[PDB]
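Let me begin by presenting the structure, written as structure tokens, before commenting on it.
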Amino acid sequence: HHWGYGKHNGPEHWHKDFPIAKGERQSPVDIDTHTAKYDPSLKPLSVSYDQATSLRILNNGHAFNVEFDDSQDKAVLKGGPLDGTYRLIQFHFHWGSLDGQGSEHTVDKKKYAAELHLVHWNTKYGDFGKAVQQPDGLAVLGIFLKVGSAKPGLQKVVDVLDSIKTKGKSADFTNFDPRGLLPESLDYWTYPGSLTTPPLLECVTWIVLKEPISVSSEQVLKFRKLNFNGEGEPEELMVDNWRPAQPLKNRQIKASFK
Ligand SMILES: NS(=O)(=O)c1ccc(NC(=O)CN2C(=O)NC3(CCCCC3)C2=O)cc1
Ligand SMILES: [Zn+2]
């Protein structure tokens with residue numbers, strides 16, 4: 001794996017090592033708000049993060065992941081388009097070099113400054129590695145970030161980034177409550193898609209919240225001081241780690257709201 005986000009290893013190159021990059025259910029996509037249709041078959045969405053147990057934060061050279069204890073049903077996502085129980089394993093973000101870009105999904109071609117992905121796996125498949133081989137293996141809850149007021153619940157994340165500046169660095173990150181990253185409304189769009197990085201597996205039910213959260217310019221400037229490189233290597237700022245919108249093909253985006 002030498003994929004990344006540069007001119008020579010970025011999204012336009014991924015197909016050569018990951019041919020599913022040109023597949024029939026790739027993510028992200030543009031959400032055309034006028035074409036998305038309210039779906040009365042959707043059950044109420046249930047985000048149950050009361051017992052979430054965060055463990056560690058890791059710079060993986062592509063983003064940073066806040067990882068959770070997923071050895072039992074502690075933080076789960078259920079309902080909406082989902083059949084059964086999906087366990088939270090990690091969250092991460094995608095962001096830009098400037099405030100007008102960074103999200104992976106777009107809304108009527110609008111790009112947000114960043115996008116939060118809370119990744120969950122379907123417990124009927126027993127472990128994450130089995131779940132990613134299944135068309136309904138994962139559920140990713142996507143939340144847009146706009147630059148405005150600070151998000152108080154983000155600042156514990158922002159303040160540890162200095163300790164994980166480079167690829168392969170991790171830090172203990174216990175007792176973080178991901179409920180502080182949610183907007184007030186759980187109105188959402190949903191469609192079948194993929195992981196947005198290699199290996200681009202078509203295993204994700206995407207649930208993208210309509211209401212962005214606001215973060216401050218200072219908060220997102222701290223994301224942009226991270227590094228794609230390892231320690232001791234030439235500094236390459238971790239910015240623009242987003243895949244652009246992919247063809248919708250034979251898919252419909254469903255809305256939870258009238
Ligand atoms: N942007 S995204 O679509 O939300 C998205 C994109 C890529 C990924 N990639 C992965 O999770 C890659 N990956 C595996 O396959 N296995 C582990 C998790 C389980 C333990 C072993 C390591 C892992 O980290 C996740 C979400
Ligand atoms: Zn992601």
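Note on naming: chains are A, B, ... as they come in the structure tokens, residues start from 1 per chain, ligands start from 1 in the order shown.
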
Residue contacts of residue 239 (chain A) (7 Å, only C-alpha atoms) excluding same-chain residues fewer than 2 positions away, as an NGL selection string: :A and (95-97 or 224 or 237 or 241)

Run DSSP on the backbone and grab whatever in region 19-258 of chain A lands in alpha helix (DSSP H); send it over as a PyMOL selection string. chain A and resi 128-131+155-160+217-223

Near-ligand residues for ligand 2, threshold 9 Å, only C-alpha atoms and all ligand atoms, as a list in words: residues 63, 91, 92, 93, 94, 104, 115, 116, 117, 118, 119, 140, 142, 195, 196, 197 and 242 of chain A

Write out as a list in words the residues lying within 12 Å of residue 234 (chain A), counting only C-alpha atoms and excluding same-chain residues fewer than 4 positions away.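 Final neighbour list, sorted by chain and number: residues 166, 167, 227, 228, 229 and 230 of chain A.
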
Which residue out of A:200, A:209, A:181, A:21 has the minimum interatomic distance to ligand 1 when only C-alpha atoms and all ligand atoms are used? A:200

Please list as a list in words every residue within 10 Å of residue 172 (chain A), counting only C-alpha atoms and excluding residues in the same chain fewer than 5 positions away.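 Once the adjacent positions are removed, what remains is residues 54, 55, 56, 57, 58, 66, 67 and 160 of chain A.
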